[PDB]
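**Student:** What follows is final_28.cif, mmCIF, C-alpha atoms and all ligand atoms.
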```
data_model
#
loop_
_atom_site.label_atom_id
_atom_site.label_comp_id
_atom_site.auth_asym_id
_atom_site.auth_seq_id
_atom_site.Cartn_x
_atom_site.Cartn_y
_atom_site.Cartn_z
CA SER A 3 24.65 -12.75 5.82
CA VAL A 4 21.03 -12.17 6.43
CA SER A 5 18.55 -15.14 6.45
CA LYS A 6 15.63 -15.40 3.97
CA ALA A 7 12.24 -14.81 5.48
CA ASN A 8 9.49 -17.39 5.05
CA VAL A 9 7.19 -15.84 2.63
CA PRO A 10 4.99 -18.51 1.12
CA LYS A 11 3.33 -18.33 -2.24
CA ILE A 12 -0.47 -18.79 -1.87
CA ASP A 13 -2.72 -19.47 -4.83
CA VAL A 14 -5.55 -17.09 -4.08
CA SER A 15 -7.65 -17.97 -7.15
CA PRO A 16 -10.25 -19.86 -5.11
CA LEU A 17 -11.14 -16.62 -3.39
CA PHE A 18 -12.67 -15.41 -6.63
CA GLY A 19 -15.07 -18.41 -6.85
CA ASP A 20 -17.70 -20.37 -5.05
CA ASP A 21 -15.91 -23.43 -3.77
CA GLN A 22 -16.19 -22.84 -0.02
CA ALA A 23 -13.92 -25.62 1.14
CA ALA A 24 -11.22 -24.51 -1.24
CA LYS A 25 -11.56 -20.98 0.11
CA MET A 26 -11.08 -22.30 3.64
CA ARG A 27 -7.89 -24.07 2.60
CA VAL A 28 -6.64 -20.69 1.27
CA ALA A 29 -7.73 -18.98 4.46
CA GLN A 30 -5.66 -21.46 6.46
CA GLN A 31 -2.58 -20.52 4.46
CA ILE A 32 -3.27 -16.83 5.04
CA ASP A 33 -3.66 -17.48 8.79
CA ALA A 34 -0.38 -19.39 8.89
CA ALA A 35 1.52 -16.68 7.04
CA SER A 36 -0.10 -13.92 9.15
CA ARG A 37 0.97 -15.72 12.32
CA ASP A 38 4.54 -16.34 11.09
CA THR A 39 6.46 -13.53 9.31
CA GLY A 40 3.36 -11.65 8.35
CA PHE A 41 4.02 -11.74 4.61
CA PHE A 42 2.97 -13.92 1.71
CA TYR A 43 2.90 -13.71 -2.07
CA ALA A 44 -0.49 -13.92 -3.65
CA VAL A 45 -0.17 -15.88 -6.89
CA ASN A 46 -2.77 -16.71 -9.55
CA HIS A 47 -4.23 -13.26 -8.87
CA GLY A 48 -5.33 -12.52 -12.40
CA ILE A 49 -3.76 -9.09 -12.76
CA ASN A 50 -1.44 -8.24 -15.69
CA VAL A 51 1.45 -6.95 -13.61
CA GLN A 52 3.86 -6.82 -16.55
CA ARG A 53 1.58 -4.31 -18.23
CA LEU A 54 1.21 -2.40 -14.97
CA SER A 55 4.96 -2.17 -14.79
CA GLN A 56 5.32 -1.06 -18.39
CA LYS A 57 2.69 1.61 -18.20
CA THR A 58 4.12 2.86 -14.93
CA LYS A 59 7.64 3.02 -16.41
CA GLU A 60 6.39 4.95 -19.44
CA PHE A 61 4.85 7.50 -17.04
CA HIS A 62 7.82 7.79 -14.68
CA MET A 63 10.34 8.17 -17.49
CA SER A 64 8.37 10.75 -19.42
CA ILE A 65 7.03 13.06 -16.84
CA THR A 66 8.92 16.37 -16.79
CA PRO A 67 9.98 18.70 -14.06
CA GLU A 68 7.30 21.16 -15.14
CA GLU A 69 4.56 18.56 -14.81
CA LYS A 70 5.83 17.45 -11.42
CA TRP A 71 5.41 20.95 -10.00
CA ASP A 72 1.99 21.19 -11.59
CA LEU A 73 0.91 17.91 -10.01
CA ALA A 74 2.84 18.33 -6.69
CA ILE A 75 1.34 17.73 -3.29
CA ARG A 76 1.26 20.57 -0.73
CA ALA A 77 4.49 19.51 0.85
CA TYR A 78 6.27 20.55 -2.38
CA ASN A 79 3.98 23.22 -3.71
CA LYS A 80 2.24 25.68 -1.36
CA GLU A 81 -0.29 26.60 -4.11
CA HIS A 82 -1.86 23.11 -3.80
CA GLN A 83 -3.37 23.25 -0.32
CA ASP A 84 -6.05 20.65 -1.17
CA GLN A 85 -3.43 18.02 -2.16
CA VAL A 86 -2.32 16.36 0.97
CA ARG A 87 -2.46 12.74 -0.36
CA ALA A 88 -2.97 12.74 -4.13
CA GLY A 89 -0.39 14.01 -6.65
CA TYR A 90 3.31 14.04 -7.28
CA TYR A 91 5.92 13.57 -4.51
CA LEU A 92 9.15 15.04 -5.91
CA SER A 93 12.74 13.85 -5.57
CA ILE A 94 15.38 16.28 -4.43
CA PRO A 95 18.54 15.56 -6.44
CA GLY A 96 21.51 15.27 -4.19
CA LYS A 97 19.27 14.65 -1.18
CA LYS A 98 16.21 12.51 -1.73
CA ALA A 99 16.17 9.85 -4.39
CA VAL A 100 12.65 8.49 -4.33
CA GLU A 101 9.73 10.08 -6.13
CA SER A 102 6.15 8.95 -6.56
CA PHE A 103 2.63 9.62 -7.79
CA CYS A 104 -0.36 8.85 -5.51
CA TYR A 105 -3.98 8.61 -6.55
CA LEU A 106 -7.17 7.78 -4.65
CA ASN A 107 -10.60 6.43 -5.45
CA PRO A 108 -11.63 7.56 -8.92
CA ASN A 109 -15.16 7.99 -7.56
CA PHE A 110 -13.95 10.93 -5.46
CA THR A 111 -15.21 13.44 -7.98
CA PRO A 112 -16.15 17.05 -7.34
CA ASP A 113 -19.74 16.15 -6.70
CA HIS A 114 -18.97 13.31 -4.25
CA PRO A 115 -20.62 14.02 -0.87
CA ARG A 116 -17.35 13.64 1.03
CA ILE A 117 -15.55 15.99 -1.39
CA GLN A 118 -18.39 18.51 -1.04
CA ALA A 119 -18.10 18.23 2.78
CA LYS A 120 -14.31 18.64 2.63
CA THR A 121 -13.95 15.58 4.79
CA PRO A 122 -10.29 14.88 5.68
CA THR A 123 -8.43 12.21 3.65
CA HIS A 124 -10.79 12.64 0.64
CA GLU A 125 -9.47 14.42 -2.42
CA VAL A 126 -10.09 14.64 -6.16
CA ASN A 127 -7.25 13.05 -8.06
CA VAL A 128 -4.92 15.12 -10.22
CA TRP A 129 -3.65 13.85 -13.58
CA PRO A 130 -1.14 14.90 -16.14
CA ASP A 131 -2.22 16.22 -19.49
CA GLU A 132 -3.75 13.49 -21.63
CA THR A 133 -1.83 14.50 -24.75
CA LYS A 134 1.51 14.20 -22.94
CA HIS A 135 0.60 10.87 -21.30
CA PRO A 136 -1.90 9.21 -23.60
CA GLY A 137 -3.94 6.53 -21.95
CA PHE A 138 -2.32 6.88 -18.60
CA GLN A 139 -5.26 8.17 -16.55
CA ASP A 140 -7.55 5.49 -18.05
CA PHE A 141 -4.98 2.82 -17.39
CA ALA A 142 -4.40 3.92 -13.87
CA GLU A 143 -8.09 4.18 -12.95
CA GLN A 144 -8.66 0.70 -14.39
CA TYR A 145 -5.74 -0.55 -12.35
CA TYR A 146 -7.33 0.80 -9.27
CA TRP A 147 -10.39 -1.33 -9.94
CA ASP A 148 -8.34 -4.43 -10.85
CA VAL A 149 -6.42 -4.24 -7.64
CA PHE A 150 -9.58 -3.39 -5.69
CA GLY A 151 -11.05 -6.67 -6.97
CA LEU A 152 -8.01 -8.63 -5.92
CA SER A 153 -8.06 -6.90 -2.51
CA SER A 154 -11.73 -7.74 -1.99
CA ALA A 155 -10.91 -11.39 -2.67
CA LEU A 156 -8.00 -11.27 -0.24
CA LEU A 157 -10.25 -9.70 2.39
CA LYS A 158 -12.64 -12.63 2.07
CA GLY A 159 -9.63 -14.93 2.79
CA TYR A 160 -8.56 -12.90 5.86
CA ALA A 161 -12.14 -12.90 7.16
CA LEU A 162 -12.44 -16.69 6.83
CA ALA A 163 -8.98 -17.05 8.39
CA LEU A 164 -10.17 -15.22 11.51
CA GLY A 165 -13.31 -17.33 11.88
CA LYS A 166 -15.68 -14.76 10.41
CA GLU A 167 -18.04 -14.78 7.45
CA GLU A 168 -16.30 -13.90 4.26
CA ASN A 169 -17.80 -10.36 3.95
CA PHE A 170 -16.61 -9.33 7.43
CA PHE A 171 -14.05 -6.85 6.03
CA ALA A 172 -15.20 -6.62 2.47
CA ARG A 173 -18.58 -5.18 3.42
CA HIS A 174 -16.68 -2.05 4.53
CA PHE A 175 -14.58 -1.93 1.34
CA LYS A 176 -16.76 -0.37 -1.22
CA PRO A 177 -16.21 1.41 -4.56
CA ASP A 178 -18.19 4.49 -3.67
CA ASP A 179 -16.25 5.28 -0.53
CA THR A 180 -12.98 3.45 -0.04
CA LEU A 181 -10.03 5.51 1.11
CA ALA A 182 -7.62 3.10 -0.59
CA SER A 183 -4.69 4.54 -2.51
CA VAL A 184 -2.31 3.49 -5.23
CA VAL A 185 1.24 4.81 -5.06
CA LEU A 186 3.51 4.56 -8.08
CA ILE A 187 6.99 4.79 -6.51
CA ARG A 188 10.15 5.24 -8.56
CA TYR A 189 13.43 4.26 -6.91
CA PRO A 190 16.10 5.44 -9.28
CA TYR A 191 19.57 4.28 -10.32
CA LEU A 192 21.96 7.12 -9.62
CA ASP A 193 25.72 7.40 -10.22
CA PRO A 194 26.94 8.74 -7.92
CA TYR A 195 24.22 7.95 -5.36
CA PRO A 196 24.14 10.72 -2.87
CA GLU A 197 24.80 9.65 0.70
CA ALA A 198 22.23 12.05 1.97
CA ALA A 199 19.55 9.90 0.39
CA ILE A 200 20.81 6.76 2.15
CA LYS A 201 19.78 6.16 5.70
CA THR A 202 21.65 3.82 8.04
CA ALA A 203 19.97 1.33 10.38
CA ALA A 204 21.26 0.68 13.84
CA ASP A 205 22.64 -2.68 12.53
CA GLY A 206 24.48 -0.93 9.76
CA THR A 207 22.22 -1.79 6.93
CA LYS A 208 21.91 0.92 4.32
CA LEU A 209 18.27 1.89 3.82
CA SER A 210 16.01 3.85 1.54
CA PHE A 211 13.06 3.79 4.03
CA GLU A 212 13.22 3.07 7.76
CA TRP A 213 11.35 0.53 9.84
CA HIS A 214 7.59 0.93 10.01
CA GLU A 215 4.23 -0.73 10.25
CA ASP A 216 1.94 0.00 7.37
CA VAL A 217 -1.06 2.39 7.72
CA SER A 218 -3.60 0.06 6.15
CA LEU A 219 -5.94 -2.83 6.81
CA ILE A 220 -3.76 -4.85 4.35
CA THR A 221 -1.20 -3.76 1.75
CA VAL A 222 -1.17 -5.31 -1.73
CA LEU A 223 2.17 -4.59 -3.33
CA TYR A 224 3.77 -5.14 -6.72
CA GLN A 225 7.54 -4.61 -6.95
CA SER A 226 10.18 -5.10 -9.54
CA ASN A 227 12.44 -8.11 -9.37
CA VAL A 228 15.16 -6.46 -7.26
CA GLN A 229 15.45 -7.69 -3.67
CA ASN A 230 15.09 -4.90 -1.12
CA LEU A 231 12.52 -5.55 1.63
CA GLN A 232 13.32 -6.85 5.05
CA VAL A 233 10.99 -8.03 7.87
CA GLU A 234 11.77 -7.99 11.55
CA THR A 235 11.22 -11.45 13.12
CA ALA A 236 12.13 -12.92 16.47
CA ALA A 237 15.31 -14.03 14.71
CA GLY A 238 16.15 -10.55 13.47
CA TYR A 239 15.59 -8.76 10.13
CA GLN A 240 15.23 -11.26 7.32
CA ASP A 241 15.26 -10.59 3.56
CA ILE A 242 11.97 -10.91 1.62
CA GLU A 243 12.70 -12.43 -1.78
CA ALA A 244 11.48 -10.51 -4.75
CA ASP A 245 8.89 -12.01 -7.08
CA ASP A 246 7.71 -9.61 -9.82
CA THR A 247 4.95 -12.05 -10.81
CA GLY A 248 3.10 -12.04 -7.47
CA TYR A 249 1.69 -9.50 -5.10
CA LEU A 250 3.34 -9.20 -1.68
CA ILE A 251 0.62 -9.05 0.96
CA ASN A 252 0.88 -7.96 4.63
CA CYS A 253 -1.37 -6.61 7.35
CA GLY A 254 -1.30 -3.00 8.44
CA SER A 255 -1.85 -1.65 11.92
CA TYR A 256 -5.67 -1.47 11.56
CA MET A 257 -5.71 -5.27 11.22
CA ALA A 258 -3.46 -5.51 14.29
CA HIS A 259 -5.87 -3.33 16.23
CA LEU A 260 -9.00 -5.25 15.17
CA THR A 261 -7.39 -8.65 15.97
CA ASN A 262 -5.72 -7.60 19.24
CA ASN A 263 -2.36 -8.23 17.59
CA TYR A 264 -3.21 -11.75 16.67
CA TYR A 265 -2.38 -10.70 13.12
CA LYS A 266 0.45 -8.28 13.80
CA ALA A 267 1.35 -5.53 11.41
CA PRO A 268 4.84 -6.71 10.61
CA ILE A 269 7.70 -4.25 11.00
CA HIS A 270 9.61 -3.91 7.80
CA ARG A 271 12.08 -1.64 6.04
CA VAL A 272 13.46 -0.97 2.53
CA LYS A 273 17.15 -1.57 1.88
CA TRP A 274 19.08 0.85 -0.22
CA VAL A 275 19.78 -0.71 -3.63
CA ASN A 276 21.33 1.30 -6.49
CA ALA A 277 18.87 0.04 -9.06
CA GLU A 278 16.12 1.55 -11.18
CA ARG A 279 13.03 -0.11 -9.78
CA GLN A 280 9.36 0.22 -8.91
CA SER A 281 7.34 -0.16 -5.84
CA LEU A 282 3.55 -0.01 -6.51
CA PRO A 283 1.57 -0.44 -3.27
CA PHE A 284 -2.23 -0.48 -2.95
CA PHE A 285 -3.14 0.41 0.59
CA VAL A 286 -6.41 -1.28 1.38
CA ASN A 287 -8.25 1.35 3.46
CA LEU A 288 -11.96 1.21 4.43
CA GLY A 289 -14.44 4.04 4.45
CA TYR A 290 -14.16 7.11 6.62
CA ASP A 291 -16.84 6.00 9.00
CA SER A 292 -16.15 2.28 8.88
CA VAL A 293 -15.75 0.78 12.34
CA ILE A 294 -15.12 -2.90 13.03
CA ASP A 295 -15.50 -3.91 16.67
CA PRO A 296 -12.18 -5.29 17.87
CA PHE A 297 -11.99 -8.93 18.77
CA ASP A 298 -9.44 -11.59 19.86
CA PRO A 299 -9.39 -15.03 18.11
CA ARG A 300 -7.20 -16.36 20.88
CA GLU A 301 -9.83 -15.86 23.58
CA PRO A 302 -12.74 -18.24 24.01
CA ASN A 303 -15.32 -15.39 24.05
CA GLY A 304 -13.53 -13.46 21.33
CA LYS A 305 -13.58 -10.26 23.41
CA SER A 306 -10.87 -7.64 23.30
CA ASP A 307 -9.89 -4.79 25.70
CA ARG A 308 -9.35 -2.48 22.65
CA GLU A 309 -11.80 0.25 21.81
CA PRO A 310 -13.44 0.76 18.47
CA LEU A 311 -11.62 3.05 16.12
CA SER A 312 -13.13 4.53 12.96
CA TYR A 313 -11.09 4.02 9.87
CA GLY A 314 -11.02 7.70 9.04
CA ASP A 315 -9.63 8.56 12.47
CA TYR A 316 -7.07 5.77 12.14
CA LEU A 317 -6.00 6.86 8.69
CA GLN A 318 -5.72 10.61 9.18
CA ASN A 319 -3.61 10.09 12.31
CA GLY A 320 -1.53 7.30 10.83
CA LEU A 321 -0.46 9.06 7.71
CA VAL A 322 0.74 12.08 9.74
CA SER A 323 2.49 9.93 12.21
CA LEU A 324 4.40 7.95 9.59
CA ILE A 325 5.52 11.25 7.97
CA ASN A 326 6.78 12.44 11.29
CA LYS A 327 8.58 9.17 12.04
CA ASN A 328 10.15 8.38 8.73
CA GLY A 329 9.98 11.68 6.79
CA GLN A 330 7.99 13.15 4.02
CA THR A 331 8.22 10.87 0.94
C1 LIG B 1 7.56 -1.94 1.52
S1 LIG B 1 7.17 -0.35 2.41
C2 LIG B 1 6.14 0.56 1.07
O1 LIG B 1 5.32 -0.11 0.10
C3 LIG B 1 6.76 1.59 0.18
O2 LIG B 1 6.69 2.57 1.24
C4 LIG B 1 5.52 3.16 1.33
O3 LIG B 1 4.72 3.22 0.51
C5 LIG B 1 5.28 3.79 2.68
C6 LIG B 1 5.35 2.83 3.86
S2 LIG B 1 4.32 1.38 3.53
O4 LIG B 1 5.25 0.84 2.73
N1 LIG B 1 3.94 4.32 2.78
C7 LIG B 1 3.66 5.61 2.89
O5 LIG B 1 4.56 6.48 2.76
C8 LIG B 1 2.23 5.94 2.90
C9 LIG B 1 1.77 6.51 1.54
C10 LIG B 1 0.24 6.80 1.68
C11 LIG B 1 -0.32 7.62 0.62
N2 LIG B 1 0.37 8.86 0.35
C12 LIG B 1 -1.79 7.87 0.92
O6 LIG B 1 -2.14 9.03 1.09
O7 LIG B 1 -2.56 6.91 0.94
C13 LIG B 1 8.23 1.56 -0.40
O8 LIG B 1 8.96 2.54 0.00
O9 LIG B 1 8.65 0.62 -1.19
FE FE B 2 5.41 -0.64 4.18
#
```
Written as structure tokens, that's how I'd like the structure from this file.
**Tutor:**
Amino acid sequence: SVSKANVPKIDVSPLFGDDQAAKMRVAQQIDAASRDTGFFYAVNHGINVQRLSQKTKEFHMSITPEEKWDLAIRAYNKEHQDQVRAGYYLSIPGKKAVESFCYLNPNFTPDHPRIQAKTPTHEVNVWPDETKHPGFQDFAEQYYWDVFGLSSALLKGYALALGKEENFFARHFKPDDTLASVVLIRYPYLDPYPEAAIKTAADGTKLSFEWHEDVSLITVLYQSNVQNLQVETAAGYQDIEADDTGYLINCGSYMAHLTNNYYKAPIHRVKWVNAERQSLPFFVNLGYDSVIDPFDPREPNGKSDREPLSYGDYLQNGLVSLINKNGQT
């Protein structure tokens, strides 16, 4: 068998308030989890995840092939050269099971200075027709802001955990400019399940998505109640229990860079499961020009031999690299 990873449940509600000592006690738990397997569940987060899941299902099960082409990113539709990030990521029956819809900051409108400048990694979201998907765009944009709020609270906990003031990350995480994304991923039930859409790990485990570190500062993930994630530890890959009431939190490789690997970006992978399920990550990305000077909380003077990296540079290069490593999703 495979052993269960230690993934503690942390009540993050104090991070929304003004009880400083309580917030430090949360920060301690985040530091412990970040130093151990790298994962925890955030509980008492305030978001209505059941409704998220229901609205997302209604979308995934009603969108049609026609709409998917019309919304498709460039990798699927050459007419959409501006859609590198945002839009529909199609399945390929018989070959590729997963499909998804990605959207960015709702404030990236046509008049946004970064959109006007055509700055990489900034795009205007694309949406289905309102009459075919009533309420969906409004729901989804509101979700963005709900999960942005949660992520800002979590960032105050990570900051305190690392010995910094609580706005150390959050001051770079701002509504007008964040590069954060929501991805609404559908993993289908298929009978028969084509083997070409199943990858095999070196240990024999059947996978839907291969080992990786996340391209994020942190990742704030809702998933259905179907076990599938595994984390590499010193003792090997361990299963992450599902919990469709909490958000699964981990660091991405920007956090690893900024902390000199004190908070590692944990390596993880997605087991193949023949189950209709959802995976709804929010990738907590900063602004394009955000730079945090790297540091090391294990060294007395806090100094690091890493060089500063702008978030936009990080992001543009990370997203390409992960496509090259593990394939276009
Ligand atoms: C449990 S790994 C993850 O949440 C999810 O996989 C992803 O979303 C992958 C790796 S991080 O998980 N991420 C990407 O493919 C990056 C999408 C980025 C997006 N297209 C953007 O432009 O921001 C899954 O397959 O269940
Ligand atoms: Fe991931």
**Student:** Here is a test: counting all atoms listed in the file, which residue of A:30, A:133, A:180, A:225 is nearest to ligand LIG 1 (chain B)?
**Tutor:**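 Selected residue with least distance to ligand LIG 1 (chain B): A:225.
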**Student:** Return as a ChimeraX atom specification every polymer residue, whether protein, DNA or RNA, with at least one atom no more than 8 Å from an atom of ligand FE 2 (chain B); count only C-alpha atoms and all ligand atoms.
**Tutor:** /A:214-217,221,270-271
**Student:** Kindly compile the residues surrounding ligand LIG 1 (chain B) within 8 Å, counting all atoms listed in the file, and format them as a VMD selection string.
**Tutor:** chain A and resid 86 to 88 104 to 106 123 181 to 185 187 210 to 211 214 to 217 221 223 225 231 270 to 272 280 to 283 285 321 324 to 325 330 to 331
**Student:** What does the file look like for those residues with C-alpha atoms, as a JSON list (two decimals), keeping the file's coordinate frame?
**Tutor:**
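This went into result_34.json:
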```
[["chain", "number", "residue", "atom", "x", "y", "z"],
["A", 86, "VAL", "CA", -2.32, 16.36, 0.97],
["A", 87, "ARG", "CA", -2.46, 12.74, -0.36],
["A", 88, "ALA", "CA", -2.97, 12.74, -4.13],
["A", 104, "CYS", "CA", -0.36, 8.85, -5.51],
["A", 105, "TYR", "CA", -3.98, 8.61, -6.55],
["A", 106, "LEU", "CA", -7.17, 7.78, -4.65],
["A", 123, "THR", "CA", -8.43, 12.21, 3.65],
["A", 181, "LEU", "CA", -10.03, 5.51, 1.11],
["A", 182, "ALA", "CA", -7.62, 3.10, -0.59],
["A", 183, "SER", "CA", -4.69, 4.54, -2.51],
["A", 184, "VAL", "CA", -2.31, 3.49, -5.23],
["A", 185, "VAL", "CA", 1.24, 4.81, -5.06],
["A", 187, "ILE", "CA", 6.99, 4.79, -6.51],
["A", 210, "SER", "CA", 16.01, 3.85, 1.54],
["A", 211, "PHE", "CA", 13.06, 3.79, 4.03],
["A", 214, "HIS", "CA", 7.59, 0.93, 10.01],
["A", 215, "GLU", "CA", 4.23, -0.73, 10.25],
["A", 216, "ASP", "CA", 1.94, 0.00, 7.37],
["A", 217, "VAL", "CA", -1.06, 2.39, 7.72],
["A", 221, "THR", "CA", -1.20, -3.76, 1.75],
["A", 223, "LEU", "CA", 2.17, -4.59, -3.33],
["A", 225, "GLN", "CA", 7.54, -4.61, -6.95],
["A", 231, "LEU", "CA", 12.52, -5.55, 1.63],
["A", 270, "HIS", "CA", 9.61, -3.91, 7.80],
["A", 271, "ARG", "CA", 12.08, -1.64, 6.04],
["A", 272, "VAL", "CA", 13.46, -0.97, 2.53],
["A", 280, "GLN", "CA", 9.36, 0.22, -8.91],
["A", 281, "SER", "CA", 7.34, -0.16, -5.84],
["A", 282, "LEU", "CA", 3.55, -0.01, -6.51],
["A", 283, "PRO", "CA", 1.57, -0.44, -3.27],
["A", 285, "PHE", "CA", -3.14, 0.41, 0.59],
["A", 321, "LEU", "CA", -0.46, 9.06, 7.71],
["A", 324, "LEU", "CA", 4.40, 7.95, 9.59],
["A", 325, "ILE", "CA", 5.52, 11.25, 7.97],
["A", 330, "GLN", "CA", 7.99, 13.15, 4.02],
["A", 331, "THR", "CA", 8.22, 10.87, 0.94]]
```
**Student:** For residue 19 of chain A, which residue out of A:155, A:228, A:99, A:260 is the nearest one, using all atoms listed in the file?
**Tutor:**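 Of all the options, A:155 lies closest to residue 19 of chain A.
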**Student:** For residue 134 of chain A, work out the shell of residues within 10 Å, counting only C-alpha atoms and skipping chain neighbours fewer than 3 positions away, then give it as a PDB file with C-alpha atoms, in the frame of the given file.
**Tutor:**
```pdb
ATOM      1  CA  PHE A  61       4.850   7.500 -17.040  1.00  0.00           C
ATOM      2  CA  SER A  64       8.370  10.750 -19.420  1.00  0.00           C
ATOM      3  CA  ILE A  65       7.030  13.060 -16.840  1.00  0.00           C
ATOM      4  CA  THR A  66       8.920  16.370 -16.790  1.00  0.00           C
ATOM      5  CA  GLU A  69       4.560  18.560 -14.810  1.00  0.00           C
ATOM      6  CA  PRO A 130      -1.140  14.900 -16.140  1.00  0.00           C
ATOM      7  CA  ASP A 131      -2.220  16.220 -19.490  1.00  0.00           C
ATOM      8  CA  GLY A 137      -3.940   6.530 -21.950  1.00  0.00           C
ATOM      9  CA  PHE A 138      -2.320   6.880 -18.600  1.00  0.00           C
TER      10      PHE A 138
END
```
**Student:** Taking (-2.6, -20.8, 2.7) in the file's own coordinates, collect the residues within 10 Å, counting only C-alpha atoms, and hand them back as a ChimeraX atom specification.
**Tutor:** /A:10-14,25-36,42,44,159,163
**Student:** Any idea what's packed within 9 Å of residue 112 of chain A, counting only C-alpha atoms, ignoring anything in its chain fewer than 5 positions away? Could you give it as a ChimeraX atom specification?
**Tutor:** /A:117-118,125-126
**Student:** Might you pull out every residue within 8 Å of residue 129 of chain A, with all atoms listed in the file counted and same-chain residues fewer than 2 positions away left off, and present them as a PDB file with C-alpha atoms, keeping the file's coordinate frame?
**Tutor:**
```pdb
ATOM      1  CA  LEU A  73       0.910  17.910 -10.010  1.00  0.00           C
ATOM      2  CA  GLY A  89      -0.390  14.010  -6.650  1.00  0.00           C
ATOM      3  CA  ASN A 127      -7.250  13.050  -8.060  1.00  0.00           C
ATOM      4  CA  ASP A 131      -2.220  16.220 -19.490  1.00  0.00           C
ATOM      5  CA  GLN A 139      -5.260   8.170 -16.550  1.00  0.00           C
TER       6      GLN A 139
END
```
**Student:** Find the distance between atom CA of residue 150 of chain A and atom CA of residue 177 of chain A and write it in Å to one decimal.
**Tutor:**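 Rounded to one decimal, the two atoms are 8.3 Å apart.
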**Student:** May I ask which of the residues A:47, A:188, A:114, A:158 is the closest one to residue 248 of chain A, counting all atoms listed in the file?
**Tutor:**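 Of A:47, A:188, A:114, A:158, the one nearest residue 248 of chain A is A:47, counting all atoms listed in the file.
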**Student:** Could you state the separation of atom CA of residue 243 of chain A and atom CA of residue 43 of chain A in Å, given to one decimal place?
**Tutor:** 9.9 Å
**Student:** Here is a test: counting all atoms listed in the file, which residue of A:290, A:195, A:256, A:224 is nearest to residue 176 of chain A?
**Tutor:**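 Smallest separation from residue 176 of chain A among the options: A:290.
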**Student:** By how many Å are atom CA of residue 169 of chain A and atom CA of residue 303 of chain A apart?
**Tutor:**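 It comes out at 20.9 Å.
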**Student:** For residue 108 of chain A, which residue among A:38, A:76, A:70, A:179 is the nearest when counting all atoms listed in the file?
**Tutor:**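 Between A:38, A:76, A:70, A:179, the residue approaching residue 108 of chain A most closely is A:179.
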**Student:** Go through A:115, A:213, A:6, A:146 and flag the residue nearest residue 244 of chain A, using all atoms listed in the file for the distances.
**Tutor:**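 When distances to residue 244 of chain A are compared using all atoms listed in the file, the smallest one comes from A:6.
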**Student:** Within 7 Å of residue 293 of chain A, counting only C-alpha atoms, which residues show up once you throw out same-chain ones fewer than 6 positions away? Write them as a PyMOL selection string, please.
**Tutor:** chain A and resi 310-313
**Student:** Near residue 91 of chain A, counting only C-alpha atoms, which residues have an atom at most 7 Å away, once you skip same-chain residues fewer than 2 positions from it, shown as a list in words?
**Tutor:**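 Here the answer would be residues 74, 75, 89, 93, 101, 102, 103 and 331 of chain A.
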**Student:** Take the point (-9.3, -7.0, 25.2) as written in the file and pick out every residue within 12 Å of it, counting all atoms listed in the file; give the list as a PyMOL selection string.
**Tutor:** chain A and resi 259-264+295-310
**Student:** Which centre and edge lengths in Å to one decimal define the box along x, y and z that fits every listed atom of segment 64-79 of chain A plus 4 Å per side, as JSON?
**Tutor:**
```
{"center_x": 5.4, "center_y": 17.0, "center_z": -9.3, "size_x": 17.1, "size_y": 20.5, "size_z": 28.3}
```
